[PDB]
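For reference, the structure is listed below as structure tokens.
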Amino acid sequence: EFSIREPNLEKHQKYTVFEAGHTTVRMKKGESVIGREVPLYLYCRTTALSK
Amino acid sequence: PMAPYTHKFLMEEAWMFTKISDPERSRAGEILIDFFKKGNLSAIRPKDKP
Amino acid sequence: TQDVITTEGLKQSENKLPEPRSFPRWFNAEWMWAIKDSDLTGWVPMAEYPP
Amino acid sequence: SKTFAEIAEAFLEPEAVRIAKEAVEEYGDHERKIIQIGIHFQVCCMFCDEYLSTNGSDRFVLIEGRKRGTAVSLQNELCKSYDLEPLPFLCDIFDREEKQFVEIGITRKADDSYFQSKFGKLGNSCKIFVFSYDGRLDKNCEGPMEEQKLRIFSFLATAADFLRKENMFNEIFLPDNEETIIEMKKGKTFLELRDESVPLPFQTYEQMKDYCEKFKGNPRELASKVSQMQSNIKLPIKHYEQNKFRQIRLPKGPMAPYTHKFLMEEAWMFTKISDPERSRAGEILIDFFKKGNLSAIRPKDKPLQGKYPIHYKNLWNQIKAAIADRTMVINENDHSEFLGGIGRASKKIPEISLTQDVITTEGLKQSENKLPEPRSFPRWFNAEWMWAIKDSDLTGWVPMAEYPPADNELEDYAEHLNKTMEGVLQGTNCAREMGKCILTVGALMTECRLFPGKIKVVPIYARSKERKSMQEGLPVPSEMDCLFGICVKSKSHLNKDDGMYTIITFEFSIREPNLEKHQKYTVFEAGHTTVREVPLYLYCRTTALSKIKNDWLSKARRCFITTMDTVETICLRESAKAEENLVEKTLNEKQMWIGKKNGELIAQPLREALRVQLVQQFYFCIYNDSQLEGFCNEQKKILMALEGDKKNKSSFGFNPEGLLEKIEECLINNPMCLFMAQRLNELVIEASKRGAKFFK
Amino acid sequence: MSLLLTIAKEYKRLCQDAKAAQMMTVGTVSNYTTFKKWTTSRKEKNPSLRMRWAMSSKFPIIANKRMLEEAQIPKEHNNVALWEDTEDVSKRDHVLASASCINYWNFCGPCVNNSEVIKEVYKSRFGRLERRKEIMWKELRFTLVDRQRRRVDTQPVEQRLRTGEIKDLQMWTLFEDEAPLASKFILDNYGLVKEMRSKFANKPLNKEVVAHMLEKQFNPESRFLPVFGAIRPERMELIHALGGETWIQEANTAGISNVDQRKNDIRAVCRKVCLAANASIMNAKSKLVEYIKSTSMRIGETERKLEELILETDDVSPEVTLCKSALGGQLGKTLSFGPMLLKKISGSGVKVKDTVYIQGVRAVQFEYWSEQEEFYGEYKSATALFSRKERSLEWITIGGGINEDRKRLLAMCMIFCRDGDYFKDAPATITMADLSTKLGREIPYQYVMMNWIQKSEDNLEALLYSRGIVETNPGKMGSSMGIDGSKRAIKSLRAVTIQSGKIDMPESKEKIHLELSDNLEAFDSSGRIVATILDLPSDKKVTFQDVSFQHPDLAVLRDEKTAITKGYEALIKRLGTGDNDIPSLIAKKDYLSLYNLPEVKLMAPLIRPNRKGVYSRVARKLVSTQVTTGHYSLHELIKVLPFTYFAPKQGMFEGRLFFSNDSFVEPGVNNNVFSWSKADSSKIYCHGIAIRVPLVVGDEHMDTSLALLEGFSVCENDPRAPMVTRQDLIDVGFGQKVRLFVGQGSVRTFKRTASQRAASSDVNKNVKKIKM
Amino acid sequence: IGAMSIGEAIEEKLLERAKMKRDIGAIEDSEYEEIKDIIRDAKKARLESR
RNA sequence: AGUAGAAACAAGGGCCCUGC
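Chains as they are written, first to last, in the deposited numbering: chain A, 508 to 558; chain B, 255 to 304; chain C, 356 to 406; chain D, 2 to 532, 543 to 707; chain E, 1 to 772; chain F, 705 to 754.
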């Protein structure tokens with residue numbers, strides 16, 4: 508999964524995390540839209556399921 | 255130790271790329287391919303050390 | 356046989372229990388975030404309304 | 002590498018390499034010239050650069066890469082077409098917008114010499130450009146186009162760096178016109194010798210060289226000489242089955258006496274509990290002294306056997322005195338001086354100060370080396386071997402490190418097998434002898450390093466741990482410091498390896514001696530000791556060691572490695588053939604012959620046969636000498652013959668009697684060699700009941 | 001500082017002596033190496049003995065004195081000595097010390113700010129550790145193992161290089177002021193150097209240690225070992241804990257270190273270009289070399305040129321061989337006949353002619369070798385050791401593990417040796433049509449029979465029948481092979497033997513320089529063929545990732561994106577030196593002359609025509625804003641310039657700048673049409689194709705002299721020009737001269753003018769103009 | 705490697721480093737001139753001995 | 001005295017130094 512909020516060791520224990528380059532955020536500016544770059548993280552995890 | 259997160263997906267720390275919806279390509283197999291075409295996924299290249 | 360058992364040291368597979376854990380200090384934040392209102396809308400589909 | 006072409010291909014285009022290669026083949030010059038030519042050729046090429054003229058046509062026309070005849074044809078054709086005068090020599094490039102040939106040169110020397118020679122050779126006929134690998138230019142006309150200069154100088158800079166890095170930036174590979182003949186400077190004396198070292202039929206190196214350079218093969222005369230040599234030789238071939246092996250003949254004389262520095266079977270020990278605070282040797286030797294047993298000893302002037310009893314008695318008294326003063330040192334008096342061989346080193350007499358009268362005064366013949374004299378089979382060796390096989394009432398004699406963690410089944414297997422085997426071996430008597438050697442030699446080595454030129458006092462001790470009973474009774478068994486005797490060194494000035502420093506050994510025992518075995522010792526009746544009361548004896552002698560024996564005895568834990576190797580190999584080989592863990596089974600069941608008793612063979616499980624192999628390896632560590640070296644080196648021929656006999660491979664040999672002679676040559680006064688020779692004879696005897704090739 | 005003055009005083013005192021002056025005057029600087037050997041030469045026979053006998057002393061170690069005083073390391077800390085004022089005999093500037101002193105330092109000594117740099121210095125060994133942690137062991141089992149001996153690589157390594165390419169890399173990363181002229185490996189692999197440089201800069205380090213470790217990080221340790229199972233550097237590095245002669249520690253180690261994936265990618269690309277060039281009829285040689293040099297590929301993070309990877313690999317496959325042959329790359333002495341592999345052990349021979357009748361009477365020439373030779377042969381999981389004698393398969397032994405592989409290996413050996421009557425009288429099934437010449441290119445009868453076998457299994461059965469069949473003699477029952485490939489039978493083939501246990505691959509550390517023909521068949525100083533184009537698979541479709549075939553023939557895009565890309569390429573090529581190019585204009589702050597370049601004028605037709613005015617306003621703004629101050633990003637002007645050609649106007653700028661084919665670029669964010677990164681600042685990606693920006697000027701991102709090296713060049717030495725350092729080297733004017741010190745003991749003169757031409761063309765063309 | 709001897713290379717590099725520092729680093733013109741004088745004297749002595 | 005092997009050790013340099 509993709510995320511823009513770095514993790515903390517306690518809440519995110521089952522997760523292996525990386526940093527995958529950067530991305531962009533878009534917000535209003537008067538009558539137009541603008542973009543501010545931010546980092547990007549990738550949260551990897553394994554899990555089971557059932558029917 | 256504190257109880258960690260358990261749900262399968264991420265709720266608050268999530269993030270999403272968006273695109274306009276086409277009714278002729280409204281399926282998982284197709285939506286994913288389209289998202290890949292504009293090339294924002296291929297740019298995701300995690301570095302080695304986590 | 357008995358020699359195989361003595362060789363491999365077979366035993367009954369011990370069963371593990373979940374370790375107890377403490378109170379989460381990230382649940383309230385998740386609840387707060389969930390109550391907010393999302394920029395986009397219409398996520399869950401529903402059926403129509405009869406006459 | 003591996004060829005000048007491969008080297009040149011590093012910084013040139015493979016095309017220019019192929020061109021310069023064909024060129025050197027045409028002229029048949031030394032192929033170390035592939036390099037210069039390629040460089041020169043490439044410069045000319047990059048000088049053309051595909052430039053164009055006003056007429057949209059090529060401006061420069063190369064002629065260098067072409068053959069010589071073709072080059073002359075084009076040169077004359079151009080001199081004619083454009084109406085130019087024909088030049089005497091060939092050139093490298095020709096241009097059209099100016100209609101005059103151009104010559105390019107290159108050199109490494111930072112001087113105009115090359116350009117002066119070329120300008121004299123060609124005057125002012127055409128345009129000449131000589132570049133230098135280090136950025137210089139000499140010409141007879143206006144400078145070339147800028148780009149040409151930049152590209153050329155840059156290329157030459159790279160080439161010079163590469164060559165200097167390969168050590169090929171020398172006159173050899175980049176010669177001038179003149180220095181193109183490299184040759185060994187055959188002088189005058191060397192030639193005089195070479196024509197003198199020739200084989201017989203020839204008398205001058207020129208004749209030999211002409212005979213070897215033109216030698217042709219004549220297989221028939223070769224076959225004739227081969228057969229002739231095959232007839233005046235008559236190589237014997239002897240199948241062992243027909244020509245059997247006699248027995249080995251041990252020497253004759255008295256018995257070989259005890260030789261190891263320390264006693265093994267007759268050794269008695271005083272034990273105490275070990276406290277971690279007092280752990281050094283010089284301290285343990287005092288703790289044992291306070292309780293009073295060490296002081297109760299008091300030999301008498303009448304020895305059961307030996308020589309020089311007075312010196313030994315006085316030395317023992319001085320030893321006790323020194324221990325009492327808490328300073329483990331001894332003074333140099335007449336007694337110690339005699340037993341330590343202090344002043345008995347020969348005195349030098351230069352010959353410049355020598356004369357015939359001096360010789361006749363005191364005979365000075367050449368020293369007559371007195372080689373050792375023979376011995377007989379030792380009858381006390383089998384007793385030692387059987388005593389060193391049993392447990393000793395304690396364990397942990399030899400210190401060992403800890404086991405690291407484990408992560409896969411392999412390491413679990415490794416730890417488990419290692420624990421069983423070590424537990425079996427750590428309890429024997431051979432182990433306590435190893436521990437005794439380790440610790441005592443460690444102590445002597447340290448002393449020899451710190452306190453040379455000083456007679457010291459070192460104990461013979463060991464540390465162990467009493468065995469573990471069941472949880473009942475006193476748990477956590479204790480440790481123990483054991484003391485077998487006293488040792489003394491004497492001015493170990495090991496200025497150089499292989500030296501010798503005599504030491505002296507006073508040991509405690511409760512078993513009277515034998516003249517045959519304890520020949521070197523000087524025994525005394527000391528007094529009594531408990532167990543009830545029992546007599547006590549004091550074995551005393553003198554011997555030596557050196558740096559090498561110290562270093563090797565201290566490293567006496569190799570015996571474990573070898574023994575473990577043998578056992579594990581057997582077990583895994585048996586386990587693989589069946590694809591199952593047969594390790595515990597192979598250790599508890601597979602039986603190994605050990606010896607004979609009442610004329611029958613004896614066998615016991617591998618788990619209990621390890622001890623025989625361990626003791627064999629320890630004895631190899633103890634009695635090693637040149638004799639044992641040669642013997643163990645010559646017995647393999649016999650074992651290979653034996654194996655060939657077991658598998659019906661019809662062995663043969665060229666001269667077996669000579670082999671037996673070589674073996675028996677190295678059997679002299681060494682208990683291990685003599686013992687093993689008797690046992691090898693008995694092996695072939697016992698197998699002859701099941702195989703051939705051995706005579707009785 | 002004061003140290004510099006101290007060095008100057010030391011040099012003066014040393015020159016005052018007489019011998020020192022002579023030795024510092026004669027010869028070149030290389031003598032240093034020599035002098036480094038005549039001093040401090042002393043060895044020992046048994047260092048173990050002397051270690052146990054040396055550590056037994058009081059002060060057995062040496063150590064610096066000033067470093068101890070500065071660290072305030074006392075003496076006799078707690079009645080235990082640590083050192084004493086003396087002078088070792090050799091150094092004369094060191095003082096005796098004891099081993100305890102080392103522990104003292106480690107416990108209460110001076111601490112450096114940080115030491116995580118260690119993880120980078122020793123990347124290879126922390127890499128071992130990391131790969132190990134991700135292994136999942138399994139049970140242990142006992143059995144005999146079939147270990148074949150062979151040459152393999154034990155070090156997983158990315159971007160394996162040569163030795164000449166490292167000795168320089170060790171300079172631009174550590175000793176840059178003392179660096180030599182920029183070599184081609186540097187100018188090409190810029191991002192790599194930048195990467196290795198970012199880690200070891202402004203760090204406290206011992207550099208000799210770091211330099212040695214870099215050599216280790218780029219070395220595939222090649223060893224001749226016994227081996228079992230798959231062959232992968234990840235296993236070979238820990239083979240000691242996977243199996244011996246009698247046991248096997250099962251463990252899955254499949255998903256780690258991703259080495260062979262790169263190699264299979266490389267071979268796929270090579271097969272592609274080889275087939276493409278084969279499509280030609282008269283220039284397959286030049287076509288192939290051109291396709292090779294016009295291609296690039298990504299390796300991990302870095303971008304590498306194909307021709308550079310091909311000259312570094314060691315894949316003995318019939319594809320890599322051809323390429324390495326076209327590029328003049330030497331290679332090993334390994335043969336290849338279809339899918340199998342071969343290697344000659346001994347013997348000799350020479351070509352000879354013979355003929356065969358295809359149907360009725362149709363003479364067809366096929367060659368063979370007239371002598372005896374011995375060969376090792378390798379098919380999938382099956383090995384063989386055989387001998388040929390004058391058009392006959394004399395004997396053969398096999399050590400494979402499958403029946404199918406055994407039969408195929410035996411069959412390909414029989415073909416390779418022209419053994420049988422079929423080579424004497426071909427079968428009816430084959431015809432002149434199947435003979436050869438798909439489109440004119442003949443086919444030797446060998447590969448004819450080859451494909452005839454691969455076509456149907458029954459052809460293979462018949463070919464094996466061509467080998468004599470007899471009754472299995474007694475005793476040989478175990479060492480016999482039927483037609484099915486069974487280890488024993490009642491009737492078996494003739495002169496064949498089987499065995500369990502592979503055969504040891506031979507070995508030779510030899511290299512040979514081969515060549516090739518117009519039909520793409522390599523030769524080795526003899527009529528033997530080591531490789532060809534008939535021994536590789538027919539065809540298959542594959543989607544290559546991270547590849548760049550920037551060549552017309554190897555392209556699938558339409559004229560529109562190609563036009564945009566070619567416009568960007570042309571616009572970058574104007575980034576060189578000399579006035580009228582963009583660097584000079586930026587330096588002069590002539591932001592106006594950029595709008596008038598001819599290159600923007602050639603891309604102008606591509607702009608969206610209905611809004612060309614609006615974009616123009618915005619575009620010009622950015623450029624002026626960047627140029628007037630000096631804080632510009634060279635990768636952004638090159639992006640927006642094509643829009644500044646028309647006249648500004650008024651309108652709402654959405655944020656994107658569109659072309660005429662509904663493909664846009666956005667000023668500030670990377671997208672599919674124009675991308676770049678601060679990591680590798682020497683590339684521009686347009687529609688996936690890569691474009692190399694020259695290194696003439698350096699903007700804020702590029703931060704060293706590394707970015708200026710393609711702008712200088714050597715010229716005739718001039719003592720008038722000034723002498724400067726490598727840092728002031730940025731303040732010279734395009735076309736000026738300056739002297740400089742290079743590497744060691746060398747001074748030169750450079751001129752800030754570039755020369756884009758290379759030697760390849762200036763040599764090839766002039767050569768071809770000589771074969772007439 | 706190179707064409708200079710050892711003394712030449714040493715001298716040239718010292719002068720270059722002196723300038724490199726005096727330009728920006730912590731060096732004074734007095735120190736620079738002293739260094740340069742020392743070096744020229746050293747060169748004179750080296751070339752004069754023989 | 002003793003050691004060891006097919007020759008060497010049982011101190012060596014200048015009262016002081018040392019152990020390839």
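Beta carbons: idealized from backbone N, C-alpha and C, even for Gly.
Neighbouring residues, chain E, relative to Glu-712/F (Cβ below 8 Å): Residues of chain E passing the Cβ test: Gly-745.
Interface residues of chain A around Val-210/E at Cβ under 9 Å? Neighbours of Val-210/E on chain A: none; closest Cβ ~26 Å, over 9 Å.
Quick one: any contact between the region 426-439 of chain D and the region 373-392 of chain D, if contact means 3 or more CB pairs under 8 Å? The region 426-439 of chain D makes contact with the region 373-392 of chain D; the number of CB pairs closer than 8 Å reaches 3 or more.
With three or more C-beta pairs closer than 8 Å as the rule, is the region 460-469 of chain E touching the region 486-498 of chain E? With a cut-off of 8 Å, the region 460-469 of chain E and the region 486-498 of chain E count as touching, because enough Cβ pairs lie within range.
Consider the Cβ of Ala-297/B: report whether some Cβ of chain C lies at a distance smaller than 8 Å. With respect to chain C, the C-beta atom of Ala-297/B has no partner C-beta closer than 8 Å.
Out of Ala-71/E, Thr-629/E, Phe-142/E, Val-530/E, which has the shortest C-alpha to C-alpha gap to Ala-589/D? Comparing Cα positions, the closest option is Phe-142/E.
Nonlocal neighbours in the same chain, by C-beta distance under 7 Å from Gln-624/D, ignoring five residues either side: Residues of the same chain with a CB within less than 7 Å of the CB of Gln-624/D, apart from the 5 flanking positions on each side, are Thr-574, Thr-577 in chain order.
Alpha carbons only, please: which of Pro-453/D, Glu-412/D, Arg-512/D is nearest the one belonging to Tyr-404/D? In terms of Cα proximity to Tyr-404/D, the closest of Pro-453/D, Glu-412/D, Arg-512/D is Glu-412/D.
What in chain C is Cβ-close to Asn-592/D, meaning under 9 Å? Contacts between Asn-592/D and chain C, judged by CB atoms closer than 9 Å, involve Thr-362, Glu-363 in chain order.
Which residues bound the beta strand (DSSP E) around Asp-482/D? Per DSSP, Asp-482/D belongs to the beta strand (DSSP E) from 480-490.
Please give the ranges of any alpha helix (DSSP H) in the region 85-141 of chain D, keeping only runs that are unbroken, at least 4 residues long and fully inside the region. Counting only runs of at least 4 residues, the region 85-141 of chain D fully encloses the following alpha helix (DSSP H) elements, listed from N- to C-terminal order: 114-123.
Pick from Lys-751/E, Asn-103/E, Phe-741/E, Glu-70/E that is closest to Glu-716/F, judged by C-alpha positions: Looking at the Cα atoms, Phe-741/E is the closest of the given residues.
Based on the DSSP secondary-structure assignment, which residues constitute the bridge partners of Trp-604/D? For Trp-604/D, which the question treats as bridged, DSSP gives the partners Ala-614/D.
Element boundaries [beta strand (DSSP E), containing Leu-493/E]: 491-493 is the span of the beta strand (DSSP E), which, as asked, contains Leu-493/E.
Per-residue burial, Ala-322/D [other beta carbons within 10 Å of its own, 16 or more giving buried]: Classification for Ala-322/D: exposed.
Using a C-beta to C-beta distance shorter than 8 Å, which residues of chain A count as neighbours of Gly-655/E? Chain A residues near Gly-655/E: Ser-539, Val-540, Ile-541, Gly-542.
According to DSSP, simplified to helix, strand and coil, what is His-635/E? Helix at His-635/E.
Could you give the C-beta distance for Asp-482/D and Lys-700/D, rounded to a whole number, given that I count them as a contact under 8 Å? No, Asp-482/D and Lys-700/D are not in contact; Cβ-Cβ is about 51 Å, not under 8 Å.
Own chain, CB closer than 8 Å to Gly-436/D, minus 5 neighbours either side, in chain order: The residues are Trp-398, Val-399, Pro-400, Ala-463, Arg-464, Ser-465.
For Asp-656/D, report the span of its alpha helix (DSSP H) as first-last. First-last of the alpha helix (DSSP H) with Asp-656/D: 637-657.
Does DSSP put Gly-27/E in a helix, in a strand, or in coil? DSSP places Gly-27/E outside both helix and strand once states are collapsed to three, so it counts as coil.
According to DSSP, what are the bridge partners of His-529/D? Partner residues in the beta bridge of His-529/D, as assigned by DSSP, are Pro-546/D.
I'd like to confirm the pairing. Which residues does DSSP put opposite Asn-610/E in its beta bridges? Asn-610/E pairs with nothing; no bridge assigned.
Whose CA, out of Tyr-591/E, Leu-602/E, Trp-172/E, lies closest to the CA of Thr-625/E? Ranking the options by Cα distance to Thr-625/E, first place goes to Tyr-591/E.
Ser-377/D bridges to which residues according to DSSP? For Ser-377/D, the pairing in a beta bridge is given by DSSP as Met-256/D.
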